């Protein structure tokens, strides 16, 4: 899986990618995973970005990787079925939220939020 992040979107994610101790997760909010037990959870099985530290246990669950121009994105293997091979994260022109689209599915998540679960 691959993801392209626009300039405006990367800039908005800069404050996190700048944290050497930070890791990005493309989470499928379904209550599955130890991380769901941390922080808010809208268990409506939707996509969202989570930022954790390299000390939290995200490995066992977010067991797969997505290559991207701003670094890696970890995700739960199974949710792969809800993704696209070539996706994109851009910045909404209407609101300050991000957007997640796929080459074959179109909009996967029109309003992609960001959650900071770093200690």
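Positions refer to the first chain, counted from 1.
For the segment pair 71 to 79 and 90 to 98, the entry gives 90 to 98 the higher mean B-factor, averaged over Cα atoms. Of the two segments examined, 80 to 88 and 36 to 44, it is 36 to 44 that shows the higher average Cα temperature factor in the deposited entry. In this PDB entry, the Cα temperature factor of residue 104 sits in the top third of its chain's modelled residues, the highest group. Sort the modelled residues of the chain by CA B factor and residue 56 lands in the highest third.
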